[PDB]
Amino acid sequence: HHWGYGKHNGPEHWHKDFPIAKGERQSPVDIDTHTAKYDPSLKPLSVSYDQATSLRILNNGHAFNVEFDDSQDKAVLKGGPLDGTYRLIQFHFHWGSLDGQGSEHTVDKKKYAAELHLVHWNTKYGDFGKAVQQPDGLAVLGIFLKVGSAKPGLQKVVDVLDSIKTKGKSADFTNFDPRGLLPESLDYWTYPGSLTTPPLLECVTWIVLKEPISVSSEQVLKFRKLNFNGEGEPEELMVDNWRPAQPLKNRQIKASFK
């Protein structure tokens, strides 16, 4: 609708149009590493992206989405805390105006420079739109970004951003391999939560990887040249498109690792 990240339409305003913003399972959250309990019942995460077929990249005025063909069983997330099979539909990032902020989840109150979200829907609900209406409809794999060495697998994304500067622009983006965005380790934390953008639906199993990826300062600087505005509108840099941590309420965060 007209929500965004500014002083006048940002996270503190969202509840007026999306009252679930004050709900019982909102995301993101601070991950208190000492309180998160190791769960030996948790399985290794199975990330099967060998046949992923990226299609397009879109500036939607909030972030940019790299979209996948999800019409066949091709890029799936399984195992971990999940029951069943979840299909990759898109990924996007949240990032800051400065390297000291940008992530949505925090780790013992630490903010990372950015956070990648790989969004998957539970195939038992047939389509993404039906899945978001279910408490176990989505699985979002979250990966922190810190600034250091460049991430070679990110560069193809960085280089297409000049072609989608403004809201509503898209570009063909085929043959992109999202495996190049993963860290070495698949150790994770998990908890039940929500979309971090309106409509804030409480339909997500969050899986947040412990190990951040490193990206270069130049890579994140190019994220910060994107625009929230449309073409021919006053320039508003796309920065600080993150929701802050929300109350944990009656939830437990579980760790896959000791």
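Residues carry their position along the shown sequence, with the first being 1.
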Between 240 to 248 and 8 to 16, name whichever shows the higher mean Cα B factor according to the PDB entry.
8 to 16
So which stretch wins on mean C-alpha B-factor, 231 to 239 or 19 to 27?
231 to 239
Name the one of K43, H62, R224, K210 with the greatest CA B-factor according to the PDB entry.
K43
Listed options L182, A139, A75, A114: highest C-alpha B factor recorded at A75
Should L161 be placed in the lowest, middle or highest third of its chain by the C-alpha B factor in the entry?
highest
Going by the CA temperature factor in the PDB record, which third of the chain does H94 belong to: lowest, middle or highest?
lowest
If you rank the chain by CA B-factor, which third does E67 end up in: lowest, middle or highest?
middle
Chain thirds by Cα B factor, record data; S214 belongs to the middle
Among all modelled residues of this chain, ranked by Cα B factor, put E104 in the bottom, middle or top third, i.e. lowest, middle or highest.
lowest
